[PDB]
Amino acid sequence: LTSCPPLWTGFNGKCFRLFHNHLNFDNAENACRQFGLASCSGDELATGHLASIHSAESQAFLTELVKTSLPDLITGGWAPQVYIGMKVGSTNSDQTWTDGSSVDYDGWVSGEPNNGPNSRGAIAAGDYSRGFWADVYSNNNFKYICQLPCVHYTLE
């Protein structure tokens, strides 16, 4: 059981919130960076980011976050699309996450990505894409998911 600030909700040690106002990818990442983690002394230690996803389970959860938060927006197609922190560079195999975590989970819908270079990933909650990711263009305006800074104690 995970501890998250009010209005956020937690799965495996990370804390998520779905934001409802449509922003393009950049400003969506930026919105997320307004959240942070500071030391009690006062120093800024880290920043929030667009959610990164690392497993079938993480992915199933964020799908449910979206599908139950937005049940009226669930179409038979791709829609709704919600941004996650996925960036796709020149080759389709230049996938990074904005938080700098590593792409160790593949949740693309069959055929995706395919609008590269410099596309961005989104949960596509429609009954077609069934939650799995689609890549879209950076200036598309959508709902987004943030994660608060991911952090653990080192006791070595």
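Start at 1 and count along the sequence shown; that's the residue number.
Asks: Mean CA temperature factor from the deposited coordinates, higher in 85-93 or in 54-62?
Replies: The stretch with the larger mean CA B-factor is 85-93.
Asks: Which has the higher mean CA temperature factor in the PDB entry, 63-71 or 97-105?
Replies: Per the PDB record, 97-105.
Asks: Check where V151 lands among this chain's C-alpha B-factors and tell me if it's the lowest, middle or highest third.
Replies: Middle third of the chain for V151's C-alpha B-factor.
Asks: Quick check on the deposited entry: does the C-alpha B-factor of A125 sit in the lowest, middle or highest third of its chain?
Replies: It falls in the bottom third of the chain.
Asks: Among the modelled residues of its chain, does the C-alpha B-factor of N21 lie in the lowest, middle or highest third?
Replies: Answer is middle: the recorded C-alpha B-factor places it there.
Asks: By the recorded C-alpha temperature factor, relative to the other modelled residues in its chain, which third is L7 in?
Replies: Lowest third, going by the recorded CA B-factors of the chain.
Asks: Select lowest, middle or highest to describe the third in which the CA B-factor of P117 falls within its chain in this entry.
Replies: According to the entry, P117 has a C-alpha B-factor in the chain's highest third.
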